[PDB]
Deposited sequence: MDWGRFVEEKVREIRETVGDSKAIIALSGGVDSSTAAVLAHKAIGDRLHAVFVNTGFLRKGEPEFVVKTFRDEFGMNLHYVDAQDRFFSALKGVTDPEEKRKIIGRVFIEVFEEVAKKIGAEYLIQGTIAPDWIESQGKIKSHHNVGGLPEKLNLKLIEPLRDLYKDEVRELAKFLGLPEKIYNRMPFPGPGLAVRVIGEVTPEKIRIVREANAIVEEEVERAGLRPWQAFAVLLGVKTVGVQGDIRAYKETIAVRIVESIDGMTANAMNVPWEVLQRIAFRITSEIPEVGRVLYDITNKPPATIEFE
């Protein structure tokens, strides 16, 4: 596409809508929010306030990477909000996955509203794609492939424009049952091993992640009465997320994953690989 002309017009559009007001955008690290943020930034520079909320449920290294990218490389106003305590407290004892999602959504809005008020913004930029504050949706006519192309054109890093999707509730829906700091810590480390080994093996799945199942087991070494955690590895191929298949991952890759998780995360005693397609199963476990 004529991206140069697309950018030009869009930046112009945003400039004309915002004028001399402040706008705000929530950054997740996702390709959509990232692409929208760069467009708005090209439009209004220092009057754009990017907000990154550390929920405590993000992937290993994500907070650092988002800051480095948006603050350091792109030179945006980036409000880093450490909300980990707030989110962990809000989820304490919650086992129903629908309630986890509902509460995380609620708490995000609280924290984000709190920041927006201090900024005095007039406009909200959102990364909505095809399918208070006035709404600007610069990516509204674009599909996922087109957004990825634009992100590339705008100079966003490959880590972002090629990224596998990561849910709003983050690692909280990758822990079966009540979320705690320790359970998130374990699943975060397991997730990172999965992503590392998937990348190493040149696998290009739709999604690849770890889930802490809650089931416990004793092993055959050391304290053989100590119950250890169980991780499920979920790796799927899909065009859209609508139908998906469990990936036929080479055996040595699964072995590396199982070995690394049990060796490097001593709290985990068992590793299982999801072999279920969608349908009948969801991609996420919760």
{"query": "Chain regions without C-alpha coordinates, deposited sequence numbering", "finding": "132 to 153"}
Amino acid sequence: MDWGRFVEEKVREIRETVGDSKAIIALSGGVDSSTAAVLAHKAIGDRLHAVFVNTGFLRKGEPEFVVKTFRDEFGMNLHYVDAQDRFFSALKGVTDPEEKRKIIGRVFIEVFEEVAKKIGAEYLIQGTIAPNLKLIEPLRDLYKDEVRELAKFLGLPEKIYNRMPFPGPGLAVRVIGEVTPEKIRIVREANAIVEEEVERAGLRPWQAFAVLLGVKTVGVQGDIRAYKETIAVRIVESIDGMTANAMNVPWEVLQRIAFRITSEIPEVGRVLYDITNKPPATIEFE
From here on, numbers count along this sequence of modelled residues.
{"query": "Per the entry, higher mean C-alpha B factor between 134 to 142 and 208 to 216", "finding": "134 to 142"}
{"query": "Stretch with the higher entry mean CA B-factor, where the candidates are 266 to 274 and 6 to 14", "finding": "6 to 14"}
{"query": "Selection from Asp72, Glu196, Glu99, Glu178 [criterion: highest C-alpha temperature factor in the record]", "finding": "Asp72"}
{"query": "Residue of maximum C-alpha B factor among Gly170, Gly93, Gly202, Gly127, per deposited coordinates", "finding": "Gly127"}
{"query": "Third assignment of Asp240 from its chain's C-alpha B-factors", "finding": "highest"}
{"query": "Third of chain Cα B-factors occupied by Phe88", "finding": "lowest"}
{"query": "Within-chain third of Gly56 by Cα B-factor, per the entry", "finding": "lowest"}
{"query": "Assigned third (lowest, middle, highest) for the C-alpha B factor of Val67", "finding": "highest"}
{"query": "Chain-wide C-alpha B factor ranking for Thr35, given as lowest, middle or highest third", "finding": "middle"}
